[PDB]
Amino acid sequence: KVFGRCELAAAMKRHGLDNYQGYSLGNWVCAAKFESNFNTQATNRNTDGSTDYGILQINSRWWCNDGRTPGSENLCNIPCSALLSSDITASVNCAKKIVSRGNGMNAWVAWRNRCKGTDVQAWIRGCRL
């Protein structure tokens, strides 16, 4: 599913990401824009042999099981394919664990490099939330 911007904002708010670990909703929408272009089906292979999955490009080494990432932890206890669903619940639950870990949203390199320090509230402008 390719979410609309306000559609994704509403879903992330409903699932409790607005202000989660102090990160306002626009941070999460901006992260999703640059990680996945709002596409739940996005996948991208990393140089270490892991793969990133879903709207927030969650990685198979630490977080989800894809059956092909040797030495993988599955700290979210899900199959990585759960992260490609039109239902963002599994991505949100796993993102909450990731962002709680100690480096916060710096875990998402697209967030560091294209959202951090910017006017992220622009990403929820116009939305009825």
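Counting begins at 1, following the sequence as shown.
ask   = Of 3-11 and 118-126, which one has the bigger average CA B-factor?
value = Result: 118-126.
request  = Report the stretch with the higher mean CA temperature factor, choosing between 52-60 and 65-73 on the basis of the entry.
outcome  = Higher mean C-alpha B-factor: 65-73.
request  = By the entry's C-alpha temperature factors, tell me which of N46, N27, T43, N39 sits highest.
outcome  = Answer, based on the entry's C-alpha B-factors: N46.
inquiry  = Test of reading the entry: by CA B factor among the chain's modelled residues, which third contains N103?
reply    = Top third by C-alpha B-factor.
key: Chain third (lowest, middle, highest) by recorded CA B-factor, residue given as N93   = According to the entry, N93 has a C-alpha B-factor in the chain's middle third.
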